[PDB]
Amino acid sequence: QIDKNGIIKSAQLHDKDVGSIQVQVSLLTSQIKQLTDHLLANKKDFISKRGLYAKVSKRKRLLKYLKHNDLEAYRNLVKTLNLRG
Amino acid sequence: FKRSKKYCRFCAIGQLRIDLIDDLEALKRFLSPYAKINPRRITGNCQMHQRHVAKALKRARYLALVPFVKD
Amino acid sequence: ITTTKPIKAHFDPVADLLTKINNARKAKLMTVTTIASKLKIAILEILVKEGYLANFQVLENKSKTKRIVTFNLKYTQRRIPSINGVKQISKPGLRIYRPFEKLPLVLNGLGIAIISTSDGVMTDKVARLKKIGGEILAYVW
Amino acid sequence: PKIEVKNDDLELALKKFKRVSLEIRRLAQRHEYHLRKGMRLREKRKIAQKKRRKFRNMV
Amino acid sequence: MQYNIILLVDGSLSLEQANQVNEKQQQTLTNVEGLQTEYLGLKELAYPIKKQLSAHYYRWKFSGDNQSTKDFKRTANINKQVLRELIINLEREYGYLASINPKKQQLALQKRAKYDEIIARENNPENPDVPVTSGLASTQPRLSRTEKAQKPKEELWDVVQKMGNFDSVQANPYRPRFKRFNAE
Amino acid sequence: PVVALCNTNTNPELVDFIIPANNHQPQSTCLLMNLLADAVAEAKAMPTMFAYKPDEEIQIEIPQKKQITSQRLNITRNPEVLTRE
RNA sequence: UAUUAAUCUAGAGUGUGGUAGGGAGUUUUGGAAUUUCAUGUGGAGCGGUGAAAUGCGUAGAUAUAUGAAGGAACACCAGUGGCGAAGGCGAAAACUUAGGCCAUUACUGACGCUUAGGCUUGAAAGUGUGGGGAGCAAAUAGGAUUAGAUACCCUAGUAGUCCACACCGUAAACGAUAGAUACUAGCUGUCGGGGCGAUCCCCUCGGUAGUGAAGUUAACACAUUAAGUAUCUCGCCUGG
RNA sequence: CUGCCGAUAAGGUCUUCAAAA
Ligand SMILES: [Mg+2]
Ligand SMILES: [Mg+2]
Ligand SMILES: [Mg+2]
Ligand SMILES: [Mg+2]
Ligand SMILES: [Mg+2]
Ligand SMILES: [Mg+2]
Ligand SMILES: [Mg+2]
Ligand SMILES: [Mg+2]
Ligand SMILES: [Mg+2]
Ligand SMILES: [Zn+2]
């Protein structure tokens, strides 16, 4: 499993901000990376595919939400995370 | 006649954990005379424990500690 | 005043109250609670002036971030309610806007129709008196 | 399924052997016929319900 | 993690087997914590496996990374001196999180103490234990619960406006309808 | 008009003049039943038995055949309606 | 109501702290039982049925004792049960991994429900390539029964049932009941977390059942897990 | 305690009525 503690501390805008959108997408990208590895290795586990698709769809909606409100921070998050492409 | 003393031991003691080399003589009581996991009416544990002991005894029965079909 | 239970409400503010009143009437219950919004408060104020409920009190927390209105129904001595039936007009989706010429009369004036034209919610009779119409929330008779 | 005779009497051995064989015969006859898995669960569920309801009234 | 192997070595000679266990331990286990070992003894196992009726049971309570299992697992079978081997990763057995919680542990100690008290009176030295109360029900409820009972998070709210309130109170239901009998 | 001694398991609508009371105690029933009978006797102009009376005359006995037990048991005589197939 | 400029946490999520699971995939391991073969003892039937006959058997069968090989499925535990969105999941272990329940003085601050089109999964049978094949058995052969039997019974018996990779995308895929939200008597069970501390039992928050009034229904019946009082969205119906 | 056991031409009545005693 991923060391969730280290990744969140990097993405914090300020301390105790353990529930923003930026920290959520950073955590989500790590789980996606791990799950893509696991699913590519196995290729017959479909519940993990369900989890991967659900997490991918959830990530898309939250970043889309962050585009309607405070679009500038969306620009900041995308260049660091490199999630678009 | 019968008895109402069919009551899970591990609850009164709060053992909380089953290991085959901590209550080995205890697990032989749950087993039948023909090396079978007695049902609830005879064995007496609550379903939660009954599942935990079953996994441990079958694990013991895989590690070759208790017979299969004979005494 | 204190409670013990969580207070929830539906997203649609007219039918949320409508279900509460109708269910309380049907279940012979008297005191019910829900979250407070300005439209629901206003419809209840004109409602209590016309005499369908006895008391209607809106309350707020000690932090000033939430308000919940806890109202009771006006039962007579024999325990049969004063409300007989409730039906909503301005349903979600289909917003009902009617000019004065097609302003409804509920049960030949026996019931009351709630119409929020321009000065908040307002009864049908005074709407006819002012000769001005608009949004029609619900029928109560 | 060994049961000792105890060499004190014979009948007692058959009084226990009747019980042991009946529970033995149940599974011996069960693994004689193939039912689909759904049907196999039905007979398992059927026997449990019969035994349960019967056990309620003697307790 | 914390692992636990129950190794099955053949029944040859004691001293040379212990050496076999040390050899089986030091070859594999790439990364490991402290490897405490015991020796349950000599028992005649139930079903003969590998045509052997006696075996030495060793238990290892080491700890380390997930790689400590693979080499040992593939080497156990090849070694003719080992009959069986079980890597019971104790972090997944039926109940571990409750065992680490300290509060639950002290309760188990208290339950042990109290239960031992009951069993003693029943199996009294010679005097008859008339109650024989064990499986049966207990006495009245525990006053501990009655007091230390939880209290709902009573969110306190403050009144702001009012109108018409009069608390008439009409709690006189199912009252008599007829009043005084009369003749036409 | 019908009067009754309801005992918590009655539909209050059917009775008119409800008289909250017991029905399982061979003592409570007699005291209350005689009380209604006592009104009838006073209306008919013959002396009362229990009503408007002091302590010494109300004593009544508990029929034969610690404290009296008004507990409802014998639940085992209510199995599931014969079913199954 | 819609638009825009902002504030708040109760909706919905996240973290910390408790926590139950046959949830899934990959790789290894185990014992009974059947079949075949090997070695002894043994001596005339075995097998099958409503009754029999094909069939197997002096080339020593059935049976009994030991051993070897191989494939398939995982008794008891196992339930007036658990998990998953559904199909489904039950010998043991390791690795990887999904969701869920309870308490939150924490955080973001409406980020939520539904979903045409699209994508993913989807019992069994069936297909293509390569392995595997103990047992069973569509097609097929024979013996019975029968007025006839291409069927029900019996003896044999290929594909198939199994694995890996590719398709097929249908089922009474059923709770014959789309999802989400708020409210509406009660009683009896059972499961999980939390509070107390022998259990047992009591309370709180949830899941799964039975009974049951108002209410609904053409009736059967549903009835806090609604087919009840209402809202949103999608799918679908218009005589045979 | 489970052998065997198949078929049955077409169309058709019959409620007159309560006004009432
Ligand atoms: Mg063999
Ligand atoms: Mg298939
Ligand atoms: Mg033929
Ligand atoms: Mg055959
Ligand atoms: Mg084929
Ligand atoms: Mg279909
Ligand atoms: Mg019902
Ligand atoms: Mg047509
Ligand atoms: Mg015949
Ligand atoms: Zn228990």
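Computed values, structure above
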| item | result |
| --- | --- |
| Inter-label distance for residue D:39 and residue E:80, nm, one decimal - labels placed 7 Å from Cα along Cα-to-Cβ | 5.2 |
| Cβ neighbours within 10 Å from other chains - mean over E:104-115 | 3 |
| Equivalent ellipsoid dimensions for chain D as semi-axes, Å, which come from the Cα gyration tensor, largest first | 31, 18, 6 |
| Separation of alpha-carbon centers, the range F:37-55 and the range E:94-114, rounded to whole Å | 69 |
| Nearest-0.05 FRET efficiency for residue C:41 and residue C:3, computed from C-beta distance (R0 25 Å) | 0.85 |
| The range A:1-62: trypsin sites (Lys or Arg not before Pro) falling in loop per DSSP and having at most 14 other Cβ within 10 Å | A:16, A:43, A:44 |
| Quotient of Cα Rg and 2.2 N^0.38 Å for the range C:46-118, N being how many residues it contains | 1.44 |
| Within straight-line cross-link reach of residue C:62, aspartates and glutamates at Cα separation under 18 Å, skipping those fewer than 8 residues along the same chain | E:154, E:155, E:158 |
| Rg/Rh (Cα only; Kirkwood hydrodynamic radius) as it applies to the protein assembly as shown | 1.08 |
| Kirkwood Rh and Cα Rg combined as Rg over Rh, evaluated for the range C:1-72 | 0.94 |
| Whichever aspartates and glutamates have a C-alpha closer than 20 Å to that of residue B:70, once near sequence neighbours (fewer than 8 apart) are set aside | B:25, D:4, D:23, E:44 |
| Which of C:122, D:39, F:49 has the fewest Cβ neighbours within 10 Å, and the rest in rising order | D:39, F:49, C:122 |
| For chain C, convex hull volume per residue from C-alpha positions, Å³ | 126 |
| Flagged links, alpha-carbon separation over 20 Å, of C:5/E:151; E:24/E:70; B:5/D:50; C:49/C:74; C:8/C:38 | B:5/D:50 |
| Binned Cα-Cα distance frequencies in chain E - 5 Å width, integer % | 1, 5, 8, 9, 8, 7, 6, 6, 7, 7, 6, 6, 3, 2, 2, 3, 3, 3, 2, 1, 1, 1, 0, 0 |
| Whichever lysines have a C-alpha closer than 20 Å to that of residue A:4, once near sequence neighbours (fewer than 8 apart) are set aside | A:16, A:33, A:55, A:58 |
| Alpha-carbon centroid distance for the pair the range E:39-57 / the range E:128-184, whole angstrom | 66 |
| Kirkwood-based Rg to Rh ratio, the range E:85-146, C-alpha trace | 1.16 |
| Packing-based exposure ordering (other Cβ within 10 Å, fewest first) of E:94, E:57 | E:94, E:57 |
| Helix A:71-81 axis, angle to chain A major axis (alpha carbon atoms, nearest 10°) | 50 |
| Range of Cα positions in the range A:1-83 per principal axis (Å), largest first | 40, 27, 20 |
| Vicinal HN-Hα couplings computed from phi for the range E:175-184 (Karplus, 6.51 cos²θ - 1.76 cosθ + 1.60; Hz; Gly/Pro x) | 6, x, 7, 5, 10, 10, 5, 7, 10, 2 |
| Pairwise label distance in nanometres, residue D:51 with residue F:57, each label 7 Å out on the Cα-Cβ vector | 6.9 |
| P(r), alpha carbons of chain F - 5 Å bins starting at zero, rounded % | 2, 10, 15, 16, 17, 14, 10, 5, 4, 3, 2, 1, 1, 0 |
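For neighbour counting, all protein chains shown are included, and Cβ atoms are generated from backbone atoms with ideal geometry for every residue, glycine included. Rule-based calculations on the coordinates, nothing more; no lab input.
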